[PDB]
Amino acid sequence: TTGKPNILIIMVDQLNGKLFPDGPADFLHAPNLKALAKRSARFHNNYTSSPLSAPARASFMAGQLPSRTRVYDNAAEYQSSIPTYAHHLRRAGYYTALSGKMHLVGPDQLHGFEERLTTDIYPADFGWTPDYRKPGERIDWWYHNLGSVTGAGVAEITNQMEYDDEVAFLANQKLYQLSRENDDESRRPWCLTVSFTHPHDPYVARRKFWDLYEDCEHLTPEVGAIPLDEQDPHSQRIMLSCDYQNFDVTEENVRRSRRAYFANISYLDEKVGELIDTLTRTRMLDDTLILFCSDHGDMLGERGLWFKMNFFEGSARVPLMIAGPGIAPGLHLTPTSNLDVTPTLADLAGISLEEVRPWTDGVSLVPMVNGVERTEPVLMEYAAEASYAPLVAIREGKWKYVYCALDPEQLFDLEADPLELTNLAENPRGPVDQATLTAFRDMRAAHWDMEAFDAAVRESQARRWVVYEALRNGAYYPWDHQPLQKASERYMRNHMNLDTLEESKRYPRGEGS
């Protein structure tokens, strides 16, 4: 029975989850997300499943780990037969739509979404394929580099602001269109994903929002740059992949990058308020669950690192909030995962556990919201640029454990060491630290065959090097999504009942005052 709630998923890109200690941090100018946070169940220790765009987003859609989706990097094909939350909801009777980006690679640019309002900002082809056969070599034309840090600043239009302006406009327009069915008893409930590209770099913001942070006290990272020689091996691979030696990052560069990033959160907050105002005025808010989420974090100069690709807090933590009918507001400290979003959504929509159990590696967060302890650990994977073999991580209780066949292990006690400055795998405090390291090693072997993981990643890369080079010979066939809204069926046309058209398009109906 369709007493089912509507679902508005607001997503943003590259949002460091530590900036949401309990809703947005006090220092951020974000009135609309703070007001949303007060009505929300808030998951303080929520993690991405993979600190990179396409792997995190394919994993997010399916509620499955990259090792199961096979979307290892930003150029890996996402099979159209993999069930996503759009399939699960659509099968249960929802209209499903996406406005904005999801970095799906391959010719399927919908993956269950019934309608998609924008193209993607990023490529949909196999261009950005890493190569495990050439460790230490970087592809300068698509790899991250620190020019974002040295080029931060102020502008009134950017590639990303043109995208997000449009993402927001078409999202609010779709809500307005949906509200015209509000009185139809046979209406399908709806689930709209609004997926913004900010605050992803470039770190460039409109002057109105940049000015908000003139007096900002958080423009210096809380852990300074660690010299290359003192970095752990993965961090060294990242600084090399970012071409760090060819940039002189000053203190001012760091301050301007962080200022523009905070400004772009404030830019998004204005868009969040627009969406909620639309919901309020179309009389749809009380029946609508609102979920706020992100794909991965951004180190923001902490430890001298920028962007993502690692499991340190700033990169792996992303915010997660849920508000609406039946959701108790509150703060939750138990680690949760992006992998839990899809089963959480299925549960909120009234779908049985048995229908989604075969298709997800996460757990519904609804029992948490209703006072049931969650015990499952949080699992993460990374297998893209700046790795030479896959890395996996486990987050459970107060611990984070990181393994890569090529590197010394890492173990962090986040209650005693929230900034992850003391590796206990190498400097154990006592026998408990050693017993803990042993138990995580066994957990690691219970979840991953790291040799098979490496081999599968190498085969996936190898396929695409053959295929992508072929596809770039001769005439190119693009896979980018092209939204179509048929002009011949919109607004007023002479095959329609014109004395009924205006009433159909009007909502609310029959009112004055």
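Residue numbers here begin at 1 and follow the sequence given.
Mean CA temperature factor is higher for 428-436 when stretches 320-328 and 428-436 are set side by side in the entry. Two stretches are in play, 284-292 and 370-378, and the higher mean C-alpha B-factor belongs to 370-378. Per the deposited coordinates, the residue with the largest Cα temperature factor out of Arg258, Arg207, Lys134, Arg116 is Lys134. The entry assigns its greatest Cα B factor, within the set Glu77, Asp120, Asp269, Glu396, to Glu396. In this PDB entry, the Cα temperature factor of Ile10 sits in the bottom third of its chain's modelled residues, the lowest group. Sort the modelled residues of the chain by CA B factor and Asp407 lands in the highest third. Annotation for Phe169: C-alpha temperature factor in the lowest third relative to the rest of the modelled chain, per the entry.
The entry lists a Cα temperature factor for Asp449 that places it in the highest third of the chain's modelled residues. For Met102, the recorded CA temperature factor ranks within the lowest third of the chain's modelled residues.
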